[PDB]
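One structure is given here, and the rest of the page talks about it.
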Amino acid sequence: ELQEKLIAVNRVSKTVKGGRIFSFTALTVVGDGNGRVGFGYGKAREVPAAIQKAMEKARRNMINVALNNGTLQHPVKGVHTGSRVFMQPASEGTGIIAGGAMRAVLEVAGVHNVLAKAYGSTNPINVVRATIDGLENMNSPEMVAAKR
Amino acid sequence: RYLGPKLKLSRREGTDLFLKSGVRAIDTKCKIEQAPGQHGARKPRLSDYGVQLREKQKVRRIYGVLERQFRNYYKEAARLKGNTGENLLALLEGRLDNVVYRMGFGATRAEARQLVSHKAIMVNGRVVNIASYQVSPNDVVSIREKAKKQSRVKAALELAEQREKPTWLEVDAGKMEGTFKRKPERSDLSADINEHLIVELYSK
Amino acid sequence: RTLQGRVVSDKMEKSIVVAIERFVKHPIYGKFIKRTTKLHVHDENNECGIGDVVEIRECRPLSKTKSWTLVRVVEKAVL
Amino acid sequence: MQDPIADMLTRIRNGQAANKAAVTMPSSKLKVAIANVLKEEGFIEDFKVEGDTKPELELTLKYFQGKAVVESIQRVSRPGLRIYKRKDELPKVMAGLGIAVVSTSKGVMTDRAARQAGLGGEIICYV
Amino acid sequence: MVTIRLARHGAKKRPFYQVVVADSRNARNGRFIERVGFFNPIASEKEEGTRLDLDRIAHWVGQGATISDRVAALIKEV
Amino acid sequence: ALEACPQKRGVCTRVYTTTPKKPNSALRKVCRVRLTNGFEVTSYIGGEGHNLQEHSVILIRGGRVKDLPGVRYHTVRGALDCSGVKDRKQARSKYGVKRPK
RNA sequence: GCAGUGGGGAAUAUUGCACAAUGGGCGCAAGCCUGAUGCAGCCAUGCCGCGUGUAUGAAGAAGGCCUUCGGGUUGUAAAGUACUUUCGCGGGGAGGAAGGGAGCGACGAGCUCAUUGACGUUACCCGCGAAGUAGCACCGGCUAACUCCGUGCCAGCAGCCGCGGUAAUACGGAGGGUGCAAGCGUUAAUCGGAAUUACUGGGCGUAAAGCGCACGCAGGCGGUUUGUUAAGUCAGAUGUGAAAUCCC
């Protein structure tokens with residue numbers, strides 16, 4: 001069934017009036033591997049409490065990547081905040097060559113081969129979004145033909 | 001290679017790795033179950049990066065290989081088609097030194113690596129003294145005619161009798177030969193490894 | 001070699017200078033660049049005058065600066 | 001103008017933005033040659049030569065629910081810097097979903113049309 | 001003086017000479033004009049000890065190309 | 001180092017002591033050295049005790065002392081007149097101190 | 001010029017052996033010359049199969065190490081034994097090249113035969129055969145690897161963020177641990193990350209940044225139609241594509 005992947009976890013600390021309250025954050029990637037992905041980022045006092053809460057949010061917000069022979073349709077360049085992400089399809093026998101933040105989202109996405117890179121800001125939280133955003137702008141011939 | 005105390009790596013990995021006398025009740029992991037050092041008794045606190053790290057660790061420890069080639073083979077297996085995890089074990093399981101071990105010619109991969117380097121092992125006639133040699137299917141791996149006398153292999157193959165071999169292999173105690181049928185799948189291999197945890201680590 | 005240029009001067013005798021111009025791409029940028037060169041062609045018959053766009057061909061070095069000679073006049077005049 | 005081709009392309013990129021039925025554009029053999037691929041591919045209904053005294057190209061644009069028949073369309077080869085691609089340089093516009101018009105000796109054709117013929121040329125524009 | 005001698009590819013445990021027609025000035029293992037064959041002292045790599053290619057050298061012979069003493073022996077063996 | 005050389009010799013001009021900055025307070029041992037490069041810079045003297053006089057002549061390594069603003073070089077003990085630290089049980093690789101029998 | 005000496009410097013070696021082989025000069029040839037070169041020596045400076053060991057080994061009574069003082073760890077024992085099998089000794093002794101000479105033939109071609117092995121004895125093979133040293137750096141974070149004791153903004157640590165005023169894992173010591181497995185650390189030097197000159201990859205209202213304006217030369221750019229030339233541009237063939245290399 002659905003498969004999860006922990007991108008990264010941050011301690012996170014804020015100076016609240018009365019002392020220091022700690023709240024852990026966590027980036028999770030839920031995906032079956034045949035065309036669906038899900039990014040979640042929830043907070044919690046405990047690490048596991050955030051991990052679980054994150055996976056729940058990731059499964060609530062999923063997208064459908066139109067995979068084609070273990071690859072993507074056309075190249076895309078998503079630009080979230082200061083961060084930037086680019087994607088480019090590649091023939092078989094290539095391998096998911098990209099950042100851990102993107103690869104983890106691509107592996108579960110079902111993508112078998114793809115070339116990518118991060119530009120501008122490289123924030124792990126901003127790159128994942130730019131990644132899922134680019135996976136949305138993705139279109140197929142049937143879509144471009146039907147929508148036209 | 002590491003070259004050193006292997007009976008300590010087993011406990012450290014939590015799992016009982018087969019380095020040598022893993023069969024006898026002498027294996028420290030059987031007497032005491034905990035990593036080496038003084039902090040082996042205290043309750044460990046592993047993290048995400050921890051499970052993945054210690055995961056590939058035992059993986060590379062089993063075959064006893066450097067971190068370089070182990071990483072190189074990962075890139076390759078991850079390049080070709082098919083599930084990476086599956087291909088991974090395939091390449092590592094294809095190593096000559098490894099094959100020799102599975103065949104029974106050597107008590108372990110460490111001893112097997114030695115046998116190969118000592119030119120005491122041949123492949124399809126011609127001899128091969130490189131442990132990092134990739135053994136393909138239909139390739140026969142037998143002992144050297146001159147090495148057919150050394151007591152070491154004489155005792156190893158002697159114990160090999162009656163002992164079953166993997167489905168991806170087939171040896172002949174009599175001729176002291178062997179054949180590499182095909183590439184072993186994750187189903188055939190029963191290693192205490194989680195191919196999905198080792199891949200995530202290299203993802204970062 | 002045949003080169004095309006203009007007669008920017010006919011002061012000397014039997015010696016006319018032809019200003020040949022060419023267009024070549026920049027080795028780095030690639031954009032076309034304009035470059036000309038003055039060649040002292042021979043004209044014993046003092047036929048060619050200033051403003052004449054004639055053709056130039058390689059011939060026996062009449063001198064150190066002159067190694068070309070007038071062949072044919074393309075047009076009549078364009079000062 | 002500076003680059004008639006770019007003008008036409010823009011005058012069409014504009015008409016579609018305002019959802020105009022038809023758009024005018026000064027005629028030209030090259031222009032017509034282009035409009036020929038736009039109608040065949042399915043970017044436009046068709047076109048017709050109009051003009052009382054001045055030759056024009058009444059282009060009849062078509063639309064659909066959702067996105068326009070021509071989302072993007074821009075010239076990559078301008079007079080300031082011409083570009084030429086070889087048989088293996090022809091880039092597949094949007095994984096093939098879209099096409100690119102190139103001017104070769106064989107005549108004005110698209111990526112697939114030029115790829116088949118086995119020749120390359122100046123990349124007019126992408127659509 | 002154009003001469004036809006042997007070009008030693010000589011390597012640790014690998015003796016192979018290349019009967020080539022080159023100028024006498026050029027080094028023993030320098031730029032040669034054209035190879036006409038090869039020579040294997042031990043003749044272990046291949047069964048074909050040498051391949052003179054008569055017709056080839058037959059051209060240089062008379063063109064002014066002189067053959068050394070050693071090479072002449074191999075050449076004569078054809 | 002001028003010639004971008006790993007090490008450079010030089011004759012000491014004066015072996016005086018200096019005091020750390022605001023966050024610290026002590027008597028760090030330094031010495032002005034006239035490297036063959038033609039420059040007269042100050043170098044720090046590692047160890048709990050040295051034997052550098054006026055005509056010391058010691059090889060300079062190159063290291064900035066966060067405590068002493070200016071001392072961008074360190075002295076290589078164990079070379080030339082700079083006798084290595086005595087009874088150095090730990091840092092022997094540095095300061096130059098032969099392993100006792 | 002080769003080897004070497006002294007000086008300088010942080011610092012880099014045998015004033016060794018020898019010509020048979022390959023190659024070169026001269027001679028018809030015989031043959032002569034040739035530290036060109038072929039080797040050995042000194043220095044782990046580097047790389048490859050073994051720095052402080054390899055393999056074997058007792059539910060494990062000592063010692064070193066760590067410790068929440070329960071324990072755990074080093075587990076040839078921390079003893080021994082054997083080892084990959086070093087070193088060392090004896091014998092044989094390579095070319096990864098055959099002639100010079102002599103016999104047959106016109107001491108020419110060709111054929112045949114003999115001497116000489118390492119370079120005026122290394123490698124490798126065979127035999128014998130003793131286990132036969134071991135240390136440094138570091139352990140707050142980046143950097144993988146822990147506490148007790150001492151001291152106490154005291155003494156000291158620090159590339160940056162910092163730490164130390166009686167619980168300091170970053171001070172000194174000790175037990176333990178990580179790294180190196182003579183490498184690993186350290187110092188010095190070269191390249192990119194920097195899309196921070198950005199042709200591919202960039203900006204100029206307020207962050208660094210548009211000339212105060214007009215006008216105007218060169219230059220850049222510039223409507224449309226036709227013809228000739230076709231110099232630029234593009235295409236085919238051919239020559240060179242220095243060799244070497246980059247790439248496969």
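Each chain in the structure tokens gets a letter, A, B and so on, in the order shown; residues start at 1 in every chain, and ligands are counted from 1 in the order they appear.
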Next item on the list: Please return, as a PyMOL selection string, all residues of chain G lying within 12 Å of chain A when only C-alpha atoms (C1' of nucleotides) are considered.
Entry: chain G and resi 194-195+201
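With only C-alpha atoms as the atoms that count, the residue of C:1, C:66, C:57, C:35 with the shortest distance to residue 17 in chain C is C:66.
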Which residues of chain G come within 9 Å of chain D, and for each one, what is the closest pair of atoms and their distance in Å to one decimal, counting only C-alpha atoms (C1' of nucleotides), sorted by chain and residue number, as a Markdown table?
| residue | atom | partner | partner_atom | distance |
| --- | --- | --- | --- | --- |
| G:221 | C1' | D:2 | CA | 8.8 |
| G:222 | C1' | D:2 | CA | 7.2 |
| G:223 | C1' | D:1 | CA | 6.8 |
Note to self: List as a PyMOL selection string the protein and nucleic acid residues near residue 16 in chain C, meaning an atom at most 7 Å away when only C-alpha atoms (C1' of nucleotides) are counted, but skip any in the same chain fewer than 3 places from it.
What the structure shows: chain C and resi 7+9-10+12+40-43
Deliver the residues from the most recent selection as a file, using N, CA, C and O atoms, as a JSON list (two decimals), in the first residue's frame.
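Printed below is result.json as written:
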[["chain", "number", "residue", "atom", "x", "y", "z"],
["C", 7, "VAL", "N", 38.44, 52.01, -54.55],
["C", 7, "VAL", "CA", 39.62, 52.83, -54.80],
["C", 7, "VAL", "C", 39.52, 54.11, -53.98],
["C", 7, "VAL", "O", 38.94, 55.10, -54.43],
["C", 9, "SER", "N", 42.01, 55.93, -53.17],
["C", 9, "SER", "CA", 43.10, 56.83, -53.53],
["C", 9, "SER", "C", 43.75, 56.47, -54.86],
["C", 9, "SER", "O", 43.92, 55.30, -55.19],
["C", 10, "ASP", "N", 44.10, 57.50, -55.62],
["C", 10, "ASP", "CA", 44.74, 57.33, -56.92],
["C", 10, "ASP", "C", 45.82, 58.40, -57.07],
["C", 10, "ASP", "O", 46.05, 58.94, -58.15],
["C", 12, "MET", "N", 49.28, 58.07, -56.17],
["C", 12, "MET", "CA", 50.49, 57.48, -56.73],
["C", 12, "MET", "C", 50.30, 57.11, -58.19],
["C", 12, "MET", "O", 49.18, 57.06, -58.70],
["C", 40, "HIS", "N", 47.72, 47.80, -51.99],
["C", 40, "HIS", "CA", 48.27, 48.57, -53.10],
["C", 40, "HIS", "C", 48.34, 47.72, -54.36],
["C", 40, "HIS", "O", 49.31, 47.00, -54.58],
["C", 41, "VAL", "N", 47.31, 47.81, -55.19],
["C", 41, "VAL", "CA", 47.26, 47.05, -56.43],
["C", 41, "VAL", "C", 47.93, 47.81, -57.57],
["C", 41, "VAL", "O", 47.97, 49.03, -57.57],
["C", 42, "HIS", "N", 48.45, 47.06, -58.54],
["C", 42, "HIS", "CA", 49.12, 47.66, -59.69],
["C", 42, "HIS", "C", 48.13, 48.03, -60.79],
["C", 42, "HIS", "O", 47.17, 47.30, -61.04],
["C", 43, "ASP", "N", 48.37, 49.17, -61.43],
["C", 43, "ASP", "CA", 47.51, 49.64, -62.50],
["C", 43, "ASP", "C", 48.33, 50.48, -63.48],
["C", 43, "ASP", "O", 48.20, 51.70, -63.54]]
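Taking CA of residue 33 in chain D and CA of residue 13 in chain D as the two end points, the separation is 17.9 Å.
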Note to self: Set the distance at 12 Å and use only C-alpha atoms (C1' of nucleotides): which residues neighbour residue 91 in chain B once local chain neighbours fewer than 6 positions away are removed? I'd like the list as JSON, numbers by chain.
What the structure shows: {"B": [63, 69, 70, 71, 72, 73, 74, 75, 76, 77, 78, 80, 84, 85, 98, 99, 132, 133, 134, 135, 136, 137, 182, 183, 184, 185, 186]}
Written selection (N, CA, C and O atoms) as a CSV table (one decimal), in the first residue's frame:
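Listing of out04.csv after writing:
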chain,number,residue,atom,x,y,z
B,63,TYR,N,29.1,-8.5,3.5
B,63,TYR,CA,30.0,-8.8,2.3
B,63,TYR,C,31.4,-8.3,2.6
B,63,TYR,O,32.3,-8.6,1.9
B,69,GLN,N,33.5,1.3,-3.1
B,69,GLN,CA,32.9,0.3,-4.1
B,69,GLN,C,31.4,0.1,-3.7
B,69,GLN,O,30.6,0.0,-4.6
B,70,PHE,N,31.2,-0.1,-2.4
B,70,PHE,CA,29.8,-0.3,-1.9
B,70,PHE,C,28.9,0.8,-2.4
B,70,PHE,O,27.7,0.5,-2.7
B,71,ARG,N,29.4,2.0,-2.5
B,71,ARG,CA,28.6,3.2,-2.9
B,71,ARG,C,28.6,3.2,-4.4
B,71,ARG,O,27.6,3.5,-5.0
B,72,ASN,N,29.7,2.7,-5.1
B,72,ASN,CA,29.8,2.7,-6.5
B,72,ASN,C,28.7,1.7,-7.1
B,72,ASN,O,28.0,2.0,-8.0
B,73,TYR,N,28.7,0.5,-6.5
B,73,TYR,CA,27.8,-0.5,-7.0
B,73,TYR,C,26.3,0.0,-6.8
B,73,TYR,O,25.4,-0.4,-7.5
B,74,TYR,N,26.1,0.8,-5.7
B,74,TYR,CA,24.8,1.3,-5.5
B,74,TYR,C,24.4,2.2,-6.6
B,74,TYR,O,23.2,2.1,-7.1
B,75,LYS,N,25.3,3.1,-7.1
B,75,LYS,CA,25.0,4.0,-8.2
B,75,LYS,C,24.7,3.2,-9.4
B,75,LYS,O,23.7,3.6,-10.1
B,76,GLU,N,25.4,2.2,-9.7
B,76,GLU,CA,25.2,1.4,-10.9
B,76,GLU,C,23.8,0.7,-10.8
B,76,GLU,O,23.0,0.9,-11.7
B,77,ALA,N,23.6,-0.1,-9.7
B,77,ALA,CA,22.3,-0.8,-9.6
B,77,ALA,C,21.2,0.2,-9.6
B,77,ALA,O,20.1,-0.1,-10.1
B,78,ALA,N,21.4,1.4,-9.2
B,78,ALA,CA,20.4,2.5,-9.2
B,78,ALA,C,20.2,3.1,-10.6
B,78,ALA,O,19.2,3.8,-10.9
B,80,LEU,N,20.7,1.2,-13.7
B,80,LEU,CA,20.0,0.2,-14.5
B,80,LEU,C,18.5,0.2,-14.2
B,80,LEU,O,18.1,0.7,-13.2
B,84,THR,N,15.8,-0.7,-7.6
B,84,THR,CA,17.1,-0.6,-7.1
B,84,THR,C,17.5,-1.6,-6.0
B,84,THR,O,18.5,-2.3,-6.1
B,85,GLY,N,16.7,-1.6,-5.0
B,85,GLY,CA,16.9,-2.6,-3.9
B,85,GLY,C,17.2,-4.0,-4.4
B,85,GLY,O,18.2,-4.6,-3.9
B,98,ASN,N,32.3,-13.5,-2.9
B,98,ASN,CA,31.0,-13.8,-2.4
B,98,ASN,C,30.5,-15.1,-2.9
B,98,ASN,O,30.0,-16.0,-2.1
B,99,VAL,N,30.5,-15.3,-4.2
B,99,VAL,CA,30.1,-16.5,-4.8
B,99,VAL,C,30.8,-17.7,-4.2
B,99,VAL,O,30.1,-18.7,-3.8
B,132,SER,N,36.6,-8.5,-6.4
B,132,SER,CA,35.6,-7.6,-7.0
B,132,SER,C,35.2,-8.0,-8.3
B,132,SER,O,34.5,-7.2,-9.1
B,133,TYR,N,35.5,-9.2,-8.7
B,133,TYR,CA,35.1,-9.8,-10.0
B,133,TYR,C,33.6,-10.1,-10.0
B,133,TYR,O,33.1,-10.7,-9.2
B,134,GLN,N,32.9,-9.5,-11.1
B,134,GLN,CA,31.5,-9.7,-11.2
B,134,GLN,C,31.2,-11.1,-11.9
B,134,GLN,O,31.4,-11.2,-13.1
B,135,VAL,N,30.7,-12.0,-11.2
B,135,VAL,CA,30.3,-13.3,-11.8
B,135,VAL,C,29.0,-13.3,-12.4
B,135,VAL,O,27.9,-13.0,-11.8
B,136,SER,N,29.0,-13.6,-13.7
B,136,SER,CA,27.7,-13.6,-14.5
B,136,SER,C,27.1,-15.0,-14.5
B,136,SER,O,27.8,-16.0,-14.1
B,137,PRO,N,25.9,-15.2,-15.0
B,137,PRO,CA,25.3,-16.5,-15.1
B,137,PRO,C,26.0,-17.5,-16.1
B,137,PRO,O,26.7,-17.0,-16.9
B,182,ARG,N,21.7,-18.1,-12.0
B,182,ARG,CA,21.2,-16.7,-12.4
B,182,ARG,C,21.4,-15.7,-11.2
B,182,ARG,O,21.9,-16.1,-10.2
B,183,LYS,N,20.9,-14.5,-11.4
B,183,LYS,CA,21.0,-13.5,-10.4
B,183,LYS,C,20.0,-13.7,-9.3
B,183,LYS,O,18.8,-13.7,-9.6
B,184,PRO,N,20.4,-13.8,-8.1
B,184,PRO,CA,19.5,-14.0,-6.9
B,184,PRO,C,18.6,-12.8,-6.6
B,184,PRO,O,19.1,-11.7,-6.6
B,185,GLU,N,17.3,-13.1,-6.4
B,185,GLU,CA,16.4,-12.1,-6.1
B,185,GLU,C,16.3,-11.9,-4.6
B,185,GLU,O,16.9,-12.7,-3.8
B,186,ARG,N,15.6,-10.9,-4.1
B,186,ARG,CA,15.5,-10.6,-2.7
B,186,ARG,C,14.7,-11.7,-2.0
B,186,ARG,O,14.9,-11.9,-0.8
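Between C1' of residue 108 in chain G and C1' of residue 21 in chain G lies a distance of 26.5 Å.
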Next item on the list: Would you kindly return, as an MDAnalysis selection string, each protein, DNA or RNA residue with an atom no farther than 12 Å from any atom of residue 24 in chain F, considering only C-alpha atoms (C1' of nucleotides) and excluding same-chain residues fewer than 5 positions away?
Entry: (chainID F and resid 18:19 66:68) or (chainID G and resid 153:158 163:164)
List every residue of chain B that has an atom at most 8 Å from any atom of chain G, giving for each one its closest atom pair and the distance in Å to one decimal, counting only C-alpha atoms (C1' of nucleotides), sorted by chain and then by ascending residue number, as a Markdown table.
| residue | atom | partner | partner_atom | distance |
| --- | --- | --- | --- | --- |
| B:31 | CA | G:59 | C1' | 5.8 |
| B:36 | CA | G:73 | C1' | 5.5 |
| B:37 | CA | G:73 | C1' | 4.3 |
| B:38 | CA | G:66 | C1' | 4.2 |
| B:39 | CA | G:72 | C1' | 7.1 |
| B:40 | CA | G:72 | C1' | 6.0 |
| B:41 | CA | G:72 | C1' | 5.6 |
| B:42 | CA | G:68 | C1' | 7.3 |
Please dump the current selection as a PDB file, in the first residue's frame; keep C-alpha atoms.
ATOM      1  CA  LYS B  31      26.480 -14.931  25.134  1.00  0.00           C
ATOM      2  CA  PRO B  36      30.900  -3.172  21.972  1.00  0.00           C
ATOM      3  CA  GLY B  37      32.399  -0.574  24.290  1.00  0.00           C
ATOM      4  CA  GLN B  38      31.256   0.495  27.749  1.00  0.00           C
ATOM      5  CA  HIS B  39      28.088   2.193  26.506  1.00  0.00           C
ATOM      6  CA  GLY B  40      26.792  -1.097  25.145  1.00  0.00           C
ATOM      7  CA  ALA B  41      24.633  -1.724  28.205  1.00  0.00           C
ATOM      8  CA  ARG B  42      23.004   1.709  28.390  1.00  0.00           C
TER       9      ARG B  42
END
Next item on the list: Write out as a ChimeraX atom specification each polymer residue whose atoms come within 7 Å of residue 7 in chain A, counting only C-alpha atoms (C1' of nucleotides); drop sequence neighbours fewer than 5 positions from it.
Entry: /A:27-28,101
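The protein and nucleic acid residues lying at most 10 Å from residue 42 in chain E are residues 14, 15, 16 and 49 of chain E; 96 and 97 of chain G, with only C-alpha atoms (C1' of nucleotides) considered and sequence neighbours fewer than 6 positions away removed.
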Next item on the list: For chain G, list the residues within 10 Å of chain C, counting only C-alpha atoms (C1' of nucleotides), and write the list as a ChimeraX atom specification.
Entry: /G:199,229,231-232
Contacts between chain G and chain E, please, where a residue of chain E counts if it comes within 12 Å (with only C-alpha atoms (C1' of nucleotides)); show its shortest atom pair and distance in Å to one decimal, rows by chain and ascending number, as CSV.
residue,atom,partner,partner_atom,distance
E:5,CA,G:23,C1',11.3
E:6,CA,G:22,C1',10.6
E:7,CA,G:22,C1',10.8
E:8,CA,G:22,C1',8.8
E:9,CA,G:96,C1',11.7
E:10,CA,G:96,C1',8.4
E:11,CA,G:96,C1',7.6
E:12,CA,G:96,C1',6.1
E:13,CA,G:96,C1',3.4
E:14,CA,G:96,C1',5.3
E:15,CA,G:96,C1',6.0
E:16,CA,G:96,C1',9.7
E:17,CA,G:97,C1',11.0
E:24,CA,G:24,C1',10.9
E:25,CA,G:24,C1',10.8
E:27,CA,G:23,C1',9.3
E:28,CA,G:23,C1',7.4
E:29,CA,G:23,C1',10.4
E:30,CA,G:243,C1',9.1
E:31,CA,G:243,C1',6.8
E:32,CA,G:243,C1',9.8
E:33,CA,G:243,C1',11.3
E:39,CA,G:97,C1',11.9
E:40,CA,G:97,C1',10.5
E:41,CA,G:97,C1',7.2
E:42,CA,G:96,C1',8.7
E:43,CA,G:96,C1',11.6
E:44,CA,G:96,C1',10.8
E:45,CA,G:96,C1',11.9
E:69,CA,G:99,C1',11.2
E:70,CA,G:99,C1',10.1
E:72,CA,G:109,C1',10.5
E:73,CA,G:110,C1',9.5
E:76,CA,G:110,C1',9.2
E:77,CA,G:110,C1',10.0
Generate a file of the selected residues that holds N, CA, C and O atoms, formatted as a short mmCIF file (atom, residue, chain, number, x, y, z; two decimals), in the first residue's frame.
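Wrote selection-v2.cif, looks like this:
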data_model
loop_
_atom_site.label_atom_id
_atom_site.label_comp_id
_atom_site.auth_asym_id
_atom_site.auth_seq_id
_atom_site.Cartn_x
_atom_site.Cartn_y
_atom_site.Cartn_z
N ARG E 5 63.31 -0.77 -40.41
CA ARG E 5 63.74 -1.52 -39.24
C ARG E 5 62.56 -1.97 -38.40
O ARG E 5 61.42 -1.96 -38.87
N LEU E 6 62.83 -2.38 -37.17
CA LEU E 6 61.78 -2.85 -36.27
C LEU E 6 61.44 -1.83 -35.19
O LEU E 6 62.34 -1.24 -34.58
N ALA E 7 60.15 -1.62 -34.95
CA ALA E 7 59.69 -0.69 -33.94
C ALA E 7 59.28 -1.47 -32.69
O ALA E 7 58.21 -2.08 -32.64
N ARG E 8 60.15 -1.45 -31.68
CA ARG E 8 59.91 -2.17 -30.44
C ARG E 8 58.84 -1.54 -29.55
O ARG E 8 59.05 -0.47 -28.99
N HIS E 9 57.70 -2.21 -29.43
CA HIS E 9 56.62 -1.72 -28.58
C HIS E 9 57.03 -2.10 -27.16
O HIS E 9 56.37 -1.75 -26.19
N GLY E 10 58.15 -2.82 -27.08
CA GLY E 10 58.72 -3.27 -25.83
C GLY E 10 58.07 -2.81 -24.54
O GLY E 10 58.01 -1.62 -24.25
N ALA E 11 57.58 -3.78 -23.77
CA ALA E 11 56.94 -3.51 -22.49
C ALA E 11 57.30 -4.64 -21.54
O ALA E 11 57.59 -5.75 -21.97
N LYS E 12 57.30 -4.35 -20.24
CA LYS E 12 57.64 -5.35 -19.24
C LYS E 12 56.88 -6.64 -19.54
O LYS E 12 55.67 -6.73 -19.31
N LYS E 13 57.59 -7.64 -20.05
CA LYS E 13 57.01 -8.93 -20.40
C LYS E 13 56.08 -8.79 -21.60
O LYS E 13 54.93 -9.23 -21.57
N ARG E 14 56.59 -8.18 -22.67
CA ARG E 14 55.82 -7.96 -23.89
C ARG E 14 56.71 -7.41 -25.00
O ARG E 14 56.72 -6.21 -25.27
N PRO E 15 57.48 -8.29 -25.66
CA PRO E 15 58.39 -7.91 -26.75
C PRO E 15 57.75 -8.01 -28.13
O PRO E 15 57.52 -9.11 -28.64
N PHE E 16 57.49 -6.86 -28.75
CA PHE E 16 56.89 -6.85 -30.08
C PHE E 16 57.53 -5.76 -30.94
O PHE E 16 57.54 -4.59 -30.57
N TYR E 17 58.07 -6.17 -32.08
CA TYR E 17 58.71 -5.24 -33.00
C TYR E 17 57.82 -5.00 -34.21
O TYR E 17 57.16 -5.91 -34.70
N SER E 24 66.03 7.34 -41.20
CA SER E 24 67.07 6.94 -40.26
C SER E 24 67.24 7.94 -39.12
O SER E 24 67.63 7.57 -38.02
N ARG E 25 66.95 9.21 -39.40
CA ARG E 25 67.08 10.26 -38.40
C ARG E 25 66.13 10.05 -37.23
O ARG E 25 66.54 10.07 -36.07
N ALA E 27 63.78 8.72 -34.26
CA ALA E 27 64.11 7.80 -33.19
C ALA E 27 63.63 6.39 -33.50
O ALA E 27 62.86 6.17 -34.45
N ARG E 28 64.08 5.42 -32.71
CA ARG E 28 63.70 4.03 -32.89
C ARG E 28 62.20 3.83 -32.67
O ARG E 28 61.57 3.00 -33.32
N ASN E 29 61.64 4.60 -31.74
CA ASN E 29 60.21 4.51 -31.43
C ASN E 29 59.53 5.85 -31.66
O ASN E 29 58.63 6.23 -30.91
N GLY E 30 59.96 6.56 -32.69
CA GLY E 30 59.37 7.85 -33.00
C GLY E 30 58.31 7.76 -34.08
O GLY E 30 57.75 6.69 -34.32
N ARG E 31 58.04 8.88 -34.74
CA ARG E 31 57.04 8.92 -35.80
C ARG E 31 57.54 8.15 -37.03
O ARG E 31 58.56 8.50 -37.61
N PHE E 32 56.80 7.11 -37.40
CA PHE E 32 57.16 6.30 -38.56
C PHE E 32 56.32 6.67 -39.78
O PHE E 32 55.25 7.26 -39.65
N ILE E 33 56.82 6.32 -40.96
CA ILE E 33 56.12 6.62 -42.20
C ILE E 33 54.94 5.68 -42.44
O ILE E 33 53.81 6.13 -42.63
N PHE E 39 56.58 -8.27 -35.72
CA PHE E 39 57.46 -9.36 -35.34
C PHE E 39 57.32 -9.71 -33.87
O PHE E 39 57.34 -8.83 -33.00
N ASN E 40 57.18 -11.00 -33.58
CA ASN E 40 57.05 -11.48 -32.21
C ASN E 40 58.16 -12.49 -31.92
O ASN E 40 58.06 -13.66 -32.29
N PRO E 41 59.23 -12.04 -31.25
CA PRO E 41 60.38 -12.88 -30.90
C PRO E 41 59.99 -14.23 -30.31
O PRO E 41 60.51 -15.27 -30.71
N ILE E 42 59.07 -14.21 -29.35
CA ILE E 42 58.61 -15.43 -28.70
C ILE E 42 57.45 -16.06 -29.46
O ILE E 42 57.22 -17.27 -29.37
N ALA E 43 56.72 -15.24 -30.21
CA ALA E 43 55.58 -15.73 -30.98
C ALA E 43 54.60 -16.45 -30.06
O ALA E 43 54.13 -17.54 -30.37
N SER E 44 54.30 -15.82 -28.93
CA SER E 44 53.39 -16.40 -27.95
C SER E 44 51.98 -15.81 -28.04
O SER E 44 51.00 -16.54 -27.91
N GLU E 45 51.89 -14.51 -28.27
CA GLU E 45 50.60 -13.84 -28.37
C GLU E 45 49.72 -14.49 -29.43
O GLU E 45 48.57 -14.84 -29.17
N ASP E 69 70.00 -5.27 -40.91
CA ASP E 69 70.46 -6.66 -40.92
C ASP E 69 69.42 -7.59 -40.31
O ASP E 69 69.05 -8.60 -40.91
N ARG E 70 68.96 -7.25 -39.11
CA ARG E 70 67.97 -8.06 -38.41
C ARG E 70 66.66 -8.16 -39.17
O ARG E 70 66.16 -9.25 -39.43
N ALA E 72 66.07 -7.63 -42.24
CA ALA E 72 66.28 -8.32 -43.51
C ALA E 72 66.05 -9.82 -43.35
O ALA E 72 65.51 -10.48 -44.24
N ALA E 73 66.47 -10.36 -42.21
CA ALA E 73 66.31 -11.78 -41.93
C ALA E 73 64.83 -12.14 -41.85
O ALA E 73 64.39 -13.13 -42.43
N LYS E 76 63.24 -11.63 -45.36
CA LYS E 76 63.63 -12.72 -46.25
C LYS E 76 62.80 -13.97 -45.96
O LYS E 76 62.52 -14.76 -46.87
N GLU E 77 62.42 -14.15 -44.70
CA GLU E 77 61.63 -15.30 -44.29
C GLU E 77 60.23 -15.21 -44.90
O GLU E 77 59.56 -16.22 -45.08
#
